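Participant: File target.txt below, compact mmCIF, N, CA and C atoms:
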```
# COMPACT_ATOMS: atom_id res chain seq x y z
N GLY A 119 -17.48 -15.97 5.45
CA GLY A 119 -16.52 -16.65 6.33
C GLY A 119 -15.23 -16.89 5.59
N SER A 120 -14.09 -16.53 6.17
CA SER A 120 -12.80 -16.65 5.50
C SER A 120 -11.74 -17.16 6.46
N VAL A 121 -10.73 -17.82 5.90
CA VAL A 121 -9.51 -18.25 6.57
C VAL A 121 -8.72 -16.97 6.84
N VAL A 122 -8.67 -16.47 8.08
CA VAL A 122 -7.92 -15.26 8.43
C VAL A 122 -6.50 -15.69 8.84
N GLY A 123 -5.82 -16.41 7.95
CA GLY A 123 -4.51 -16.98 8.20
C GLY A 123 -3.41 -15.93 8.08
N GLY A 124 -3.57 -14.98 7.15
CA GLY A 124 -2.58 -13.93 6.88
C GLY A 124 -2.35 -12.98 8.06
N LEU A 125 -3.27 -12.96 9.04
CA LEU A 125 -3.05 -12.36 10.34
C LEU A 125 -2.37 -13.42 11.19
N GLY A 126 -3.12 -14.44 11.59
CA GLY A 126 -2.62 -15.57 12.36
C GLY A 126 -2.63 -15.29 13.86
N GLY A 127 -1.84 -14.32 14.33
CA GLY A 127 -1.63 -14.02 15.75
C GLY A 127 -1.91 -12.56 16.09
N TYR A 128 -2.96 -11.98 15.51
CA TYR A 128 -3.42 -10.62 15.80
C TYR A 128 -4.57 -10.69 16.82
N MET A 129 -5.02 -9.53 17.28
CA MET A 129 -6.15 -9.34 18.17
C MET A 129 -7.05 -8.30 17.52
N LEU A 130 -8.36 -8.45 17.68
CA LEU A 130 -9.37 -7.63 17.02
C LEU A 130 -10.17 -6.94 18.10
N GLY A 131 -10.02 -5.62 18.22
CA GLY A 131 -10.57 -4.88 19.35
C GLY A 131 -12.08 -4.67 19.23
N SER A 132 -12.65 -4.00 20.23
CA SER A 132 -14.06 -3.63 20.19
C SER A 132 -14.31 -2.68 19.03
N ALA A 133 -15.56 -2.56 18.60
CA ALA A 133 -15.95 -1.46 17.73
C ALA A 133 -16.00 -0.16 18.52
N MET A 134 -15.93 0.97 17.82
CA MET A 134 -16.01 2.29 18.42
C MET A 134 -16.72 3.28 17.52
N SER A 135 -17.12 4.40 18.12
CA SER A 135 -17.71 5.54 17.46
C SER A 135 -16.67 6.15 16.50
N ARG A 136 -17.13 6.51 15.30
CA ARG A 136 -16.35 7.10 14.21
C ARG A 136 -15.42 8.19 14.74
N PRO A 137 -14.11 8.14 14.47
CA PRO A 137 -13.29 9.35 14.54
C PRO A 137 -13.92 10.44 13.67
N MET A 138 -13.86 11.69 14.13
CA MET A 138 -13.96 12.86 13.25
C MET A 138 -12.53 13.25 12.92
N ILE A 139 -12.21 13.31 11.63
CA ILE A 139 -10.88 13.59 11.14
C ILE A 139 -10.91 14.98 10.54
N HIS A 140 -10.10 15.87 11.09
CA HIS A 140 -10.05 17.25 10.65
C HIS A 140 -9.00 17.31 9.54
N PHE A 141 -9.34 16.78 8.36
CA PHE A 141 -8.46 16.65 7.20
C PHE A 141 -7.80 17.97 6.77
N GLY A 142 -8.38 19.11 7.13
CA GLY A 142 -7.91 20.43 6.73
C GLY A 142 -8.59 20.90 5.46
N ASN A 143 -9.11 19.99 4.63
CA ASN A 143 -10.05 20.37 3.58
C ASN A 143 -11.44 20.31 4.18
N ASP A 144 -12.30 21.23 3.76
CA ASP A 144 -13.73 21.24 4.06
C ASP A 144 -14.43 20.07 3.37
N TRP A 145 -14.18 19.88 2.08
CA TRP A 145 -14.93 18.96 1.24
C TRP A 145 -14.62 17.52 1.62
N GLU A 146 -13.36 17.22 1.96
CA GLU A 146 -12.91 15.90 2.38
C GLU A 146 -13.65 15.47 3.64
N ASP A 147 -13.78 16.40 4.58
CA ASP A 147 -14.38 16.16 5.89
C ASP A 147 -15.81 15.66 5.73
N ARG A 148 -16.60 16.43 4.99
CA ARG A 148 -17.96 16.08 4.62
C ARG A 148 -17.95 14.82 3.76
N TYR A 149 -17.04 14.66 2.80
CA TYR A 149 -17.05 13.49 1.92
C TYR A 149 -16.92 12.21 2.75
N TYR A 150 -15.95 12.17 3.67
CA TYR A 150 -15.84 11.10 4.66
C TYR A 150 -17.18 10.95 5.37
N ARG A 151 -17.64 11.99 6.08
CA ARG A 151 -18.89 12.00 6.85
C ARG A 151 -20.07 11.40 6.08
N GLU A 152 -20.29 11.82 4.84
CA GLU A 152 -21.41 11.39 4.01
C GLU A 152 -21.45 9.87 3.88
N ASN A 153 -20.31 9.20 3.66
CA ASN A 153 -20.23 7.75 3.42
C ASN A 153 -19.48 7.02 4.54
N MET A 154 -19.34 7.63 5.72
CA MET A 154 -18.38 7.22 6.75
C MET A 154 -18.58 5.77 7.22
N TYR A 155 -19.80 5.25 7.17
CA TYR A 155 -20.10 3.88 7.56
C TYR A 155 -19.46 2.83 6.64
N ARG A 156 -19.01 3.21 5.43
CA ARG A 156 -18.30 2.30 4.53
C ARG A 156 -16.88 1.99 5.02
N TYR A 157 -16.39 2.68 6.05
CA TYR A 157 -15.11 2.39 6.68
C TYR A 157 -15.38 1.67 8.00
N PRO A 158 -14.46 0.82 8.49
CA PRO A 158 -14.75 -0.05 9.63
C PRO A 158 -14.90 0.73 10.94
N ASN A 159 -15.42 0.06 11.97
CA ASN A 159 -15.51 0.58 13.34
C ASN A 159 -14.45 -0.05 14.24
N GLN A 160 -13.67 -1.02 13.74
CA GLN A 160 -12.67 -1.75 14.52
C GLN A 160 -11.36 -1.80 13.73
N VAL A 161 -10.31 -2.32 14.36
CA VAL A 161 -8.96 -2.45 13.83
C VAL A 161 -8.33 -3.72 14.45
N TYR A 162 -7.31 -4.30 13.79
CA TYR A 162 -6.63 -5.52 14.20
C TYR A 162 -5.23 -5.10 14.68
N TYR A 163 -4.87 -5.39 15.92
CA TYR A 163 -3.56 -5.09 16.50
C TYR A 163 -2.92 -6.38 16.99
N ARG A 164 -1.61 -6.58 16.77
CA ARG A 164 -0.88 -7.55 17.58
C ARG A 164 -0.87 -7.06 19.04
N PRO A 165 -0.68 -7.95 20.03
CA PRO A 165 -0.50 -7.55 21.42
C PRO A 165 0.71 -6.62 21.55
N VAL A 166 0.56 -5.56 22.34
CA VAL A 166 1.58 -4.53 22.52
C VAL A 166 2.83 -5.10 23.20
N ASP A 167 2.68 -6.26 23.86
CA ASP A 167 3.70 -6.98 24.60
C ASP A 167 4.98 -7.26 23.81
N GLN A 168 4.90 -7.43 22.49
CA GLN A 168 6.07 -7.49 21.62
C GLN A 168 5.88 -6.52 20.46
N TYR A 169 5.98 -5.23 20.76
CA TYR A 169 6.12 -4.16 19.79
C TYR A 169 7.24 -3.24 20.28
N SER A 170 7.60 -2.24 19.48
CA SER A 170 8.34 -1.08 19.94
C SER A 170 7.91 0.08 19.06
N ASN A 171 7.87 1.28 19.66
CA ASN A 171 7.58 2.56 19.03
C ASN A 171 6.09 2.67 18.68
N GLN A 172 5.67 3.79 18.07
CA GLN A 172 4.29 3.99 17.64
C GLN A 172 4.21 4.02 16.11
N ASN A 173 5.12 4.68 15.39
CA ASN A 173 4.98 4.86 13.95
C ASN A 173 4.90 3.53 13.19
N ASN A 174 5.84 2.63 13.47
CA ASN A 174 5.93 1.30 12.87
C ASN A 174 4.72 0.43 13.24
N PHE A 175 4.19 0.58 14.46
CA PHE A 175 2.96 -0.08 14.87
C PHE A 175 1.81 0.46 14.03
N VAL A 176 1.66 1.79 13.98
CA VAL A 176 0.64 2.48 13.21
C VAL A 176 0.64 1.95 11.77
N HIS A 177 1.82 1.83 11.16
CA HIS A 177 2.03 1.30 9.82
C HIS A 177 1.39 -0.08 9.70
N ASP A 178 1.84 -1.05 10.50
CA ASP A 178 1.40 -2.43 10.32
C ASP A 178 -0.06 -2.62 10.72
N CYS A 179 -0.62 -1.80 11.62
CA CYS A 179 -2.04 -1.87 11.95
C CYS A 179 -2.86 -1.48 10.72
N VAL A 180 -2.53 -0.35 10.09
CA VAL A 180 -3.15 0.11 8.85
C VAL A 180 -3.05 -1.02 7.81
N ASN A 181 -1.83 -1.49 7.52
CA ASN A 181 -1.51 -2.51 6.53
C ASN A 181 -2.16 -3.88 6.77
N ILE A 182 -2.93 -4.06 7.84
CA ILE A 182 -3.66 -5.29 8.15
C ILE A 182 -5.16 -4.99 8.19
N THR A 183 -5.61 -3.92 8.84
CA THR A 183 -7.00 -3.51 8.78
C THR A 183 -7.41 -3.21 7.34
N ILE A 184 -6.70 -2.30 6.67
CA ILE A 184 -6.96 -1.99 5.27
C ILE A 184 -6.84 -3.26 4.43
N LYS A 185 -5.81 -4.08 4.63
CA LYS A 185 -5.65 -5.34 3.91
C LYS A 185 -6.92 -6.18 4.02
N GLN A 186 -7.39 -6.45 5.24
CA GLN A 186 -8.61 -7.22 5.43
C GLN A 186 -9.79 -6.51 4.80
N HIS A 187 -10.04 -5.25 5.15
CA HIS A 187 -11.24 -4.54 4.73
C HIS A 187 -11.33 -4.45 3.19
N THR A 188 -10.19 -4.35 2.50
CA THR A 188 -10.07 -4.28 1.05
C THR A 188 -10.04 -5.67 0.40
N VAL A 189 -10.01 -6.78 1.15
CA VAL A 189 -9.97 -8.15 0.61
C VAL A 189 -11.25 -8.91 0.95
N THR A 190 -11.80 -8.72 2.14
CA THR A 190 -13.00 -9.36 2.68
C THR A 190 -14.26 -8.94 1.89
N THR A 191 -14.08 -8.03 0.94
CA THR A 191 -15.04 -7.36 0.09
C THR A 191 -14.68 -7.59 -1.38
N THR A 192 -13.41 -7.40 -1.75
CA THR A 192 -12.87 -7.74 -3.07
C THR A 192 -12.70 -9.28 -3.24
N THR A 193 -13.31 -10.08 -2.37
CA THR A 193 -13.55 -11.51 -2.55
C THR A 193 -15.04 -11.78 -2.82
N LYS A 194 -15.87 -10.73 -2.87
CA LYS A 194 -17.31 -10.79 -2.99
C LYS A 194 -17.74 -10.04 -4.25
N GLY A 195 -17.30 -8.79 -4.41
CA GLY A 195 -17.71 -7.90 -5.48
C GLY A 195 -17.55 -6.45 -5.03
N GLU A 196 -16.35 -6.08 -4.60
CA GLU A 196 -16.03 -4.73 -4.14
C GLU A 196 -14.70 -4.31 -4.74
N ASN A 197 -14.42 -3.01 -4.73
CA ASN A 197 -13.16 -2.40 -5.08
C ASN A 197 -13.02 -1.12 -4.25
N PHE A 198 -11.81 -0.61 -4.09
CA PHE A 198 -11.56 0.63 -3.37
C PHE A 198 -10.76 1.56 -4.25
N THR A 199 -11.46 2.57 -4.74
CA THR A 199 -10.94 3.80 -5.29
C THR A 199 -10.04 4.47 -4.26
N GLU A 200 -8.95 5.07 -4.74
CA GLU A 200 -7.89 5.67 -3.94
C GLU A 200 -8.41 6.67 -2.89
N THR A 201 -9.48 7.40 -3.20
CA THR A 201 -10.05 8.41 -2.32
C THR A 201 -10.61 7.74 -1.07
N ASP A 202 -11.27 6.59 -1.24
CA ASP A 202 -11.76 5.74 -0.16
C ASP A 202 -10.57 5.38 0.71
N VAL A 203 -9.47 4.96 0.08
CA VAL A 203 -8.24 4.57 0.76
C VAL A 203 -7.64 5.74 1.53
N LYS A 204 -7.64 6.97 1.00
CA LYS A 204 -7.13 8.12 1.76
C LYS A 204 -7.97 8.33 3.02
N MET A 205 -9.29 8.35 2.87
CA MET A 205 -10.21 8.58 3.98
C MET A 205 -9.95 7.51 5.03
N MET A 206 -10.10 6.25 4.63
CA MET A 206 -9.89 5.05 5.42
C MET A 206 -8.52 5.06 6.07
N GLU A 207 -7.43 5.45 5.41
CA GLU A 207 -6.12 5.47 6.04
C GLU A 207 -6.12 6.38 7.26
N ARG A 208 -6.73 7.56 7.16
CA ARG A 208 -6.80 8.46 8.31
C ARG A 208 -7.67 7.82 9.40
N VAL A 209 -8.88 7.33 9.10
CA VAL A 209 -9.75 6.77 10.15
C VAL A 209 -9.10 5.55 10.78
N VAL A 210 -8.49 4.69 9.96
CA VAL A 210 -7.98 3.42 10.40
C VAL A 210 -6.78 3.70 11.32
N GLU A 211 -5.92 4.68 10.96
CA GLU A 211 -4.90 5.20 11.86
C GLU A 211 -5.57 5.68 13.15
N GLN A 212 -6.49 6.65 13.08
CA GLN A 212 -7.05 7.30 14.26
C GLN A 212 -7.74 6.33 15.23
N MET A 213 -8.32 5.24 14.74
CA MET A 213 -8.84 4.18 15.60
C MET A 213 -7.69 3.43 16.27
N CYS A 214 -6.72 2.92 15.50
CA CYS A 214 -5.67 2.07 16.05
C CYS A 214 -4.65 2.86 16.87
N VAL A 215 -4.54 4.16 16.66
CA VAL A 215 -3.77 5.07 17.50
C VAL A 215 -4.37 5.00 18.91
N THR A 216 -5.67 5.25 19.09
CA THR A 216 -6.30 5.08 20.40
C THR A 216 -6.22 3.63 20.87
N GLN A 217 -6.37 2.64 19.98
CA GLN A 217 -6.28 1.24 20.37
C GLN A 217 -4.93 0.95 21.03
N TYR A 218 -3.84 1.45 20.45
CA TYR A 218 -2.51 1.17 20.94
C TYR A 218 -2.34 1.89 22.24
N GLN A 219 -2.59 3.20 22.27
CA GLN A 219 -2.53 4.02 23.47
C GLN A 219 -3.27 3.38 24.66
N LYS A 220 -4.48 2.84 24.45
CA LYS A 220 -5.26 2.23 25.53
C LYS A 220 -4.58 0.98 26.08
N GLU A 221 -4.06 0.11 25.21
CA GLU A 221 -3.45 -1.17 25.58
C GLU A 221 -2.01 -0.96 26.10
N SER A 222 -1.30 0.02 25.54
CA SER A 222 -0.09 0.62 26.06
C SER A 222 -0.34 1.00 27.51
N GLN A 223 -1.37 1.80 27.81
CA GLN A 223 -1.65 2.23 29.16
C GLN A 223 -1.88 1.02 30.08
N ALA A 224 -2.60 0.00 29.62
CA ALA A 224 -2.79 -1.24 30.37
C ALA A 224 -1.43 -1.86 30.77
N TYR A 225 -0.53 -1.99 29.80
CA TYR A 225 0.80 -2.58 29.97
C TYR A 225 1.72 -1.69 30.82
N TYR A 226 1.58 -0.36 30.73
CA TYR A 226 2.35 0.61 31.49
C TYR A 226 1.91 0.67 32.95
N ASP A 227 0.63 0.41 33.25
CA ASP A 227 0.18 0.24 34.63
C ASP A 227 0.81 -1.03 35.22
N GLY A 228 1.00 -2.06 34.39
CA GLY A 228 1.85 -3.20 34.72
C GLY A 228 3.25 -2.74 35.11
N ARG A 229 3.89 -1.88 34.30
CA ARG A 229 5.23 -1.37 34.61
C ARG A 229 5.26 -0.65 35.95
N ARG A 230 4.19 0.05 36.32
CA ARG A 230 4.09 0.78 37.57
C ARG A 230 4.34 -0.11 38.78
N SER A 231 3.38 -0.97 39.10
CA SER A 231 3.16 -1.72 40.34
C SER A 231 1.70 -2.19 40.28
N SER A 232 1.36 -2.91 39.22
CA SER A 232 0.08 -3.54 38.98
C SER A 232 0.41 -4.87 38.32
```
When written as structure tokens, how does the structure in this file appear?
Facilitator:
Amino acid sequence: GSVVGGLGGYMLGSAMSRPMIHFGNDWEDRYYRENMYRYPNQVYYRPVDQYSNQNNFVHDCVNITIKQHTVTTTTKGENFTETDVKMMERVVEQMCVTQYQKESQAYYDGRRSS
């Protein structure tokens, strides 16, 4: 149990099935796959209601999911080798990319006539 103050006003989505990331290397793909459960199933997003663009959102989502996942463990007895971080950066992006797109679509149906 931890004081999640450094987020403060974020939202934590549902868990989801692992992205398959086509890294372009054969060995990376399997390396991720072999230990893939060591990376999270969820991501932390601010509400899309006060964001703009996708790249900068993608950035700060990574920089909070990875921040938590690399601290909530390195407060117990964990560390993250850079290779873990490369794998995790792609998965953590690929989850929060769909997270934003889904909540974007919710807000854009609002823009329609909903």
Participant: Would you kindly identify which residues have an atom no farther than 12 Å from (-13.7, 8.2, 2.1), using only C-alpha atoms and the file's own coordinates, and write them out as a list in words?
Facilitator: residues 139, 141, 145, 146, 147, 148, 149, 150, 151, 152, 153, 154, 155, 156, 157, 158, 198, 199, 200, 201, 202, 203, 204, 205, 206, 207, 208, 209 and 210 of chain A
Participant: One decimal, in Å: what's the spacing between CA of residue 212 (chain A) and CA of residue 132 (chain A)?
Facilitator: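 CA of residue 212 (chain A) sits 14.3 Å away from CA of residue 132 (chain A).
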Participant: Can you tell me how far CA of residue 140 (chain A) sits from CA of residue 174 (chain A), in Å to one decimal?
Facilitator: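 Going from CA of residue 140 (chain A) over to CA of residue 174 (chain A) covers 22.7 Å.
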Participant: In Å to one decimal, how far is atom C of residue 225 (chain A) from atom C of residue 184 (chain A)?
Facilitator: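 Spanning atom C of residue 184 (chain A) to atom C of residue 225 (chain A) is a straight-line distance of 27.8 Å.
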Participant: Could you check the closest approach to residue 129 (chain A) for each of A:191, A:160, A:173, A:223 and tell me which residue wins, using only C-alpha atoms?
Facilitator: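 Nearest candidate to residue 129 (chain A) out of A:191, A:160, A:173, A:223: A:160.
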Participant: For residue 179 (chain A), find every residue with an atom within 7 Å (counting only N, CA and C atoms), except residues of its own chain fewer than 2 positions away, and show them as a PDB file with N, CA and C atoms, keeping the file's coordinate frame.
Facilitator:
```
ATOM      1  N   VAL A 161     -10.310  -2.320  14.360  1.00  0.00           N
ATOM      2  CA  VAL A 161      -8.960  -2.450  13.830  1.00  0.00           C
ATOM      3  C   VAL A 161      -8.330  -3.720  14.450  1.00  0.00           C
ATOM      4  N   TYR A 162      -7.310  -4.300  13.790  1.00  0.00           N
ATOM      5  CA  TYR A 162      -6.630  -5.520  14.200  1.00  0.00           C
ATOM      6  C   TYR A 162      -5.230  -5.100  14.680  1.00  0.00           C
ATOM      7  N   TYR A 163      -4.870  -5.390  15.920  1.00  0.00           N
ATOM      8  CA  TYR A 163      -3.560  -5.090  16.500  1.00  0.00           C
ATOM      9  C   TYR A 163      -2.920  -6.380  16.990  1.00  0.00           C
ATOM     10  N   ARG A 164      -1.610  -6.580  16.770  1.00  0.00           N
ATOM     11  CA  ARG A 164      -0.880  -7.550  17.580  1.00  0.00           C
ATOM     12  C   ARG A 164      -0.870  -7.060  19.040  1.00  0.00           C
ATOM     13  N   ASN A 174       5.840   2.630  13.470  1.00  0.00           N
ATOM     14  CA  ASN A 174       5.930   1.300  12.870  1.00  0.00           C
ATOM     15  C   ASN A 174       4.720   0.430  13.240  1.00  0.00           C
ATOM     16  N   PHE A 175       4.190   0.580  14.460  1.00  0.00           N
ATOM     17  CA  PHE A 175       2.960  -0.080  14.870  1.00  0.00           C
ATOM     18  C   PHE A 175       1.810   0.460  14.030  1.00  0.00           C
ATOM     19  N   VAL A 176       1.660   1.790  13.980  1.00  0.00           N
ATOM     20  CA  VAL A 176       0.640   2.480  13.210  1.00  0.00           C
ATOM     21  C   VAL A 176       0.640   1.950  11.770  1.00  0.00           C
ATOM     22  N   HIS A 177       1.820   1.830  11.160  1.00  0.00           N
ATOM     23  CA  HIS A 177       2.030   1.300   9.820  1.00  0.00           C
ATOM     24  C   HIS A 177       1.390  -0.080   9.700  1.00  0.00           C
ATOM     25  N   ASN A 181      -1.830  -1.490   7.520  1.00  0.00           N
ATOM     26  CA  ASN A 181      -1.510  -2.510   6.530  1.00  0.00           C
ATOM     27  C   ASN A 181      -2.160  -3.880   6.770  1.00  0.00           C
ATOM     28  N   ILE A 182      -2.930  -4.060   7.840  1.00  0.00           N
ATOM     29  CA  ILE A 182      -3.660  -5.290   8.150  1.00  0.00           C
ATOM     30  C   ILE A 182      -5.160  -4.990   8.190  1.00  0.00           C
ATOM     31  N   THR A 183      -5.610  -3.920   8.840  1.00  0.00           N
ATOM     32  CA  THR A 183      -7.000  -3.510   8.780  1.00  0.00           C
ATOM     33  C   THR A 183      -7.410  -3.210   7.340  1.00  0.00           C
ATOM     34  N   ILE A 184      -6.700  -2.300   6.670  1.00  0.00           N
ATOM     35  CA  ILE A 184      -6.960  -1.990   5.270  1.00  0.00           C
ATOM     36  C   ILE A 184      -6.840  -3.260   4.430  1.00  0.00           C
ATOM     37  N   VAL A 210      -8.490   4.690   9.960  1.00  0.00           N
ATOM     38  CA  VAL A 210      -7.980   3.420  10.400  1.00  0.00           C
ATOM     39  C   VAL A 210      -6.780   3.700  11.320  1.00  0.00           C
ATOM     40  N   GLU A 211      -5.920   4.680  10.960  1.00  0.00           N
ATOM     41  CA  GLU A 211      -4.900   5.200  11.860  1.00  0.00           C
ATOM     42  C   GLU A 211      -5.570   5.680  13.150  1.00  0.00           C
ATOM     43  N   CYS A 214      -6.720   2.920  15.500  1.00  0.00           N
ATOM     44  CA  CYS A 214      -5.670   2.070  16.050  1.00  0.00           C
ATOM     45  C   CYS A 214      -4.650   2.860  16.870  1.00  0.00           C
TER      46      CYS A 214
END
```
Participant: Determine the axis-aligned bounding box of all atoms of region 121-124 of chain A present in the file, pad each side by 8 Å, and express its centre and edge lengths in Å to one decimal place as JSON.
Facilitator:
```
{"center_x": -6.5, "center_y": -15.6, "center_z": 7.4, "size_x": 24.4, "size_y": 21.3, "size_z": 18.9}
```
